[PDB]
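One chain comes next, on its own, written as structure tokens: the form deposited in one PDB entry.
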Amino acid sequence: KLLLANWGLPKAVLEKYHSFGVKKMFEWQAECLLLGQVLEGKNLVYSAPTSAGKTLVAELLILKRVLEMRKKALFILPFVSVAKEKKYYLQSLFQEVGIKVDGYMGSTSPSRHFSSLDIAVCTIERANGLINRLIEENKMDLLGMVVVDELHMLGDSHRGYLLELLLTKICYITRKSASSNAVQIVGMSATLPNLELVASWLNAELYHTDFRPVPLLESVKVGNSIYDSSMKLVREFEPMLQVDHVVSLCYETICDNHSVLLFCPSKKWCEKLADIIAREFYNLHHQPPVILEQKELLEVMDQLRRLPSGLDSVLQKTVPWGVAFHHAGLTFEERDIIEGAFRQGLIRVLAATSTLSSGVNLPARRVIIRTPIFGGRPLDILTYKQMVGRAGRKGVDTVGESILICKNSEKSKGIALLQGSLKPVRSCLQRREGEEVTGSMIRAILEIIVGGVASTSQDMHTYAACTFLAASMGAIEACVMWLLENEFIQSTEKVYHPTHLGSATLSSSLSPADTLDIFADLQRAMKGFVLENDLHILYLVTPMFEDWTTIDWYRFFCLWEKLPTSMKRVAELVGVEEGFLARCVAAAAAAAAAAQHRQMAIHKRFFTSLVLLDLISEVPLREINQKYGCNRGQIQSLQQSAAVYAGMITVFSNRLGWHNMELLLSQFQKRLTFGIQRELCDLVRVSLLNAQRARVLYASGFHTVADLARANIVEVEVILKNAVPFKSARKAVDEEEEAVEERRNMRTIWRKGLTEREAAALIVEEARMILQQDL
């Protein structure tokens, strides 16, 4: 019955699942598994709370289908970290029978090909490209199941409409243009008010349940009253020690065994509340017991001290007690340790802005939401229900809590957020029909014409009848026109064929809207190209961010004047000019009408490209944030996104027909991949030896600094003298004084100390002193 053994599973699979400690299944799982003909063929849509085991049925169905019919499967997931964890889980579970679970998430590309794989775990945007390729090459029939998580994002999002672009396409191509269920689709949502309409569109069943192992109480508190539930008093809060009374609330939670989670509305605000709690804990417990261990807490200090960026000041006066912060201004490795400590004991109190609301699974006891207004706007209903989902620890306590501290002035705002479920899911396509067509519809029809699925306008009119007309119920004729004067398709006397620009957009998969910006940058490049410095090629591969940081305009104008002579020639060629910056940095704003749109996009990518230049040329990170307004967590994200963008413009140029430019872009992929050196780490222990001098000195020495570095002085000086490019140091018959000086200040030893010969004696003398201390 409910026992896992009485369900027909492989022996190794059941043993592995019992190793985790799961034996029974809830009645709702069985009810939804035996709901109609979901088990054999057909599609399924259901919505269950996240606290209850939700992936049981999905894994059972995918295992059944894979073991019965040999066909590939997809496991589209929202984020990367959850995708990696799910990939590890699936591999460790199917590590015996043999599936070769492999993930496409992030830059972790598969070592093998898609054909050898059986189950692929991908993100939202890395499955659309896979399906597009499976359409371009006639191998679509390999697909046998598509599993989608978090279905309600298909309505409206920055990247959630890809589900609505993908599902209709696969269903139409597999069934409507071909004629049991050839492709099975299952989905998960969160208590949608119109879940029936989604199931009918996909021709599926419908199961809705509401069962949680822990019955949490959303005990909203206002002032001293704990008026909650249906506006009824349950308890009265007394003023404990104070200097809102937030500190008193965490005290009773801290006492017995429990923990607190504070959701700040700002990063800094997390820091402010973290130090405040730390003061009270030490105030009257070191001069009731605080109940914390000290053997492992001091060990954690060691890990936080060995990071290259070093420990943080606010992370030293609060970590000794169970207080810290987990905002986004931390290194991915540094922020991982804070999460690890909360996983089992040690730290007790925590703070966060939004990171632990979606992306990680860290349950705890009663959760404080603090103010009910975030960023000057009312809190979203979906966000509030997401935070309170993590207000219960499974298998330890019996009940959960969720106390929202709302000021007496507002009052009704908490009640409105307390009373409400969700909103109906829109289409994003609907918006306008006779007005300007949305960017989602333009990408919809262009992405099948390039694949050749639909050629005649009559055929494509059928396609639009399977995505939105049956969903919740001219535009096509106006959408075809937009693709015409923009040179995306070509028309004969009525058959449409892809052009070279249309094929380039699909292969690289940027967008049918931002491709018009990258194309204008590459076309302007083939009229003059600076080849001495590496800034003009760093401007064509810089990632395009809508808003990644508050671009300071006073500092940008300051760095504009101090640029060298050679690097100022790239600026005039790419488009950035001083006149625009004169109007800006003077309490200005954006504008419209085409021409002003190009000006803002040109200047925004230059500031990002300037930052990326310094990371290639060292410029230690402590001084990076001093000159450029940035953050430690933002710098790391830029490095990851720069490598992916460099290798994607290369595909754009290859399909476009331009072959000479492609070689230049492909050659630069090596330098942008920073990585971490391991063998060179021993050689990098020298003061005046950067990463660029390791390779040249490794050819001869390839040893430590004690005896290898103490081998003559002429050989060492000459070896590093010939590594630099030529860079002649005499004025030509057409150059200027500034041009030659920039060619003379580059050969100086760096940073930028003495002359060439003087550094040879300094390096040898410094090495001898270091050798004596070591020995």
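So that the term is clear: the rigid core is the largest set of C-alpha atoms that superpose within 1.5 Å between two forms. Numbering starts at 1 and runs along the sequence shown.
- Would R393 be found without coordinates in at least a third of the other compared entries? No; none of the other entries leave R393 out.
- Message: Where both flanking residues are modelled in the other PDB entries compared, is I226 itself missing in a third or more?
- Response: no, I226 modelled in all other entries.
- Message: Quick check on the record: how many residues from the deposited sequence are absent from the model between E493 and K494 (none, 1 to 3, 4 to 9, 10 or more)?
- Response: Gap size class: 4 to 9 residues without coordinates, per the record.
- Message: Quick check on the record: how many residues from the deposited sequence are absent from the model between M526 and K527 (none, 1 to 3, 4 to 9, 10 or more)?
- Response: In the deposited sequence, nothing is left without coordinates between these two.
Below, we refer to the form deposited in another entry, which is not included among the displayed structures.
- Message: Can you tell which residue in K86, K385, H703, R555 has its CA shifted by 2 Å or more between the shown form and the other one when the core is superposed?
- Response: The listed residue whose C-alpha shifts by at least 2 Å is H703.
- Task: Superpose on the rigid core, then tell me if the C-alpha of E578 is displaced by 2 angstroms or more between the shown form and the other one.
- Result: No.
- Please check if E433 moves between the shown form and the other one, taking a CA shift of 2 Å or more relative to the superposed core as movement. Yes; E433 is a residue whose C-alpha shifts (by 2 Å or more) between the shown form and the other one when the cores are overlaid.
- After the core is overlaid between the shown form and the other one, has the C-alpha of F468 moved by 2 angstroms or more? The answer is yes; the displacement is at least 2 Å.
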